[PDB]
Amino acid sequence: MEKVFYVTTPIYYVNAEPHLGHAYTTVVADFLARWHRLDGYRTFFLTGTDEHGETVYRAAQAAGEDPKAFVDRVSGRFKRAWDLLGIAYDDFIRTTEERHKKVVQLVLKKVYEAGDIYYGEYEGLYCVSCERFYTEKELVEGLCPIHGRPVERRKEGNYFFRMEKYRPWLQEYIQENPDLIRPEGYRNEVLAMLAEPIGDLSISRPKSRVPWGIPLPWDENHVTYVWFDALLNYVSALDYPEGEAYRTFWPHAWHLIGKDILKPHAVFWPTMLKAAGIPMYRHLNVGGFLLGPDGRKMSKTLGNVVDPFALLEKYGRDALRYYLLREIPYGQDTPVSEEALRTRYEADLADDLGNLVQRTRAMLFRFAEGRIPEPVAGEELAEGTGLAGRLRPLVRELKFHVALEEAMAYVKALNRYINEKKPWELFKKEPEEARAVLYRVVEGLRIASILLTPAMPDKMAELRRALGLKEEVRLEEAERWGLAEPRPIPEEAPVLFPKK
């Protein structure tokens, strides 16, 4: 009905080792879900894993394992990583789930009965040890990328989807809906792909070739290959046809992806929705690469690999999240490093927030008898209550670094304030104007803490604790001045961001 928010992350290849890229996307998606939930939105945040295929199939066989047991296991790697990263999703869809198979075959049967699926031949370079086709680029020019041996021209029997049939509609749709593909740069990219034929989409492979996957409803000897399987997780987790979740959130779909999978989401996916009679999504929000310190693509060979779990282990979940959301402008290729995380940590977190909280707590005991002073007026500091209104569009328009930059500037402004008023210098003259200054610092800290909660849930809740404030919050509470209550602060509180 009213305010509704829905965000998804791609579903990751189940046998892929969770990395910085996976981590980044899921962290951003989570900031968005957390932000809107705080803003009174009915929210649905979905993530998951891509569990089918033959390469995954072979991997399970090597260890003498049943494919289903092997995926129940290696899919836990992403689940553990999201726990570690403090990701609060609403659902984790796995492509082996029955509710997923039912939607896949349901939509395939729809498109099939409409006449958009036909049987033909797929010829081309092929590897018999891989049992998979490749292109000039794919095969390491001259041989197989995985087996390192010459490829062989071959034809295979497959079922196709009349994708080219929907290009003119897609093209005009994106032209008419300029904000569909978010960072503009990627919109033009896509619009260029649509200027030229996109061809038809091969959607299956013989089960004798790929036994692991969802079978075609009209031909059980054929398995759904990639596209109509993984792509349908966005509607399948919502129980697509009759589920109320579908009626509720789909109209607001926000897909978060890396540019690496831009064609499947910006070209394939949309034609599929059209053909299935399912509304289009609202926004495709495309992220760029997180380059190594050298500013070059992260590659082991290159030696510029930044592990998010080592950084996480060393500086905490909240610190890694803030840096990621603060250091990178979504959509832009940006180099990451531990030293950059470190300096942001010591400065933004350890110094700007942690220290002011501890020195303000110390000054409370000394000059206000260890309790929040009676509420006063914010004066110069009152403008912080209009930040929630400034950050909303920034956030919704994918400007997380700028949003965090403005909230943290208010915090810098808070330090500036106390250091400028000098509450210790004020106690001698007027201890009232000494307490008023301190109350303005507390209230301002309360407000800023709410703003930073979606990026650092636990620590901001803890900060609230260290000052004796209401722990659980809402964004609206940050729009009114004077809500910090003059009660006693805890006699003891650890250091928010400990020295690393």
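We number the residues from 1 along the sequence you see.
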Practice task
Would you mind comparing 293 to 301 and 336 to 344 for me and telling me which has the higher average C-alpha temperature factor in the entry?
Solution key: 293 to 301
Handout entry: 27 to 35 set against 47 to 55, stretch whose average Cα temperature factor tops the other in the entry
Key = 47 to 55
Completion exercise
Of the residues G444, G40, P431, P454, the one whose Cα carries the largest B-factor in the deposited record is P431
Practice task
Quick one: which of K101, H283, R154, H222 shows the highest Cα temperature factor in the PDB entry?
Solution key: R154
Handout entry: Ranked against its chain, the third holding the CA B-factor of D66
Key = highest
Fill in the blank from the handout: Temperature factor at the Cα of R366, chain-ranked in thirds, falls in the highest
Problem - Chain thirds of CA B-factor: placement of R392 - result: lowest
Handout entry: CA B-factor placement of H22, once the chain's modelled residues are sorted into thirds
Key = lowest
Practice task
Comparing against every modelled residue in the chain, figure out the third that the C-alpha B-factor of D90 lands in (lowest, middle or highest).
Solution key: lowest
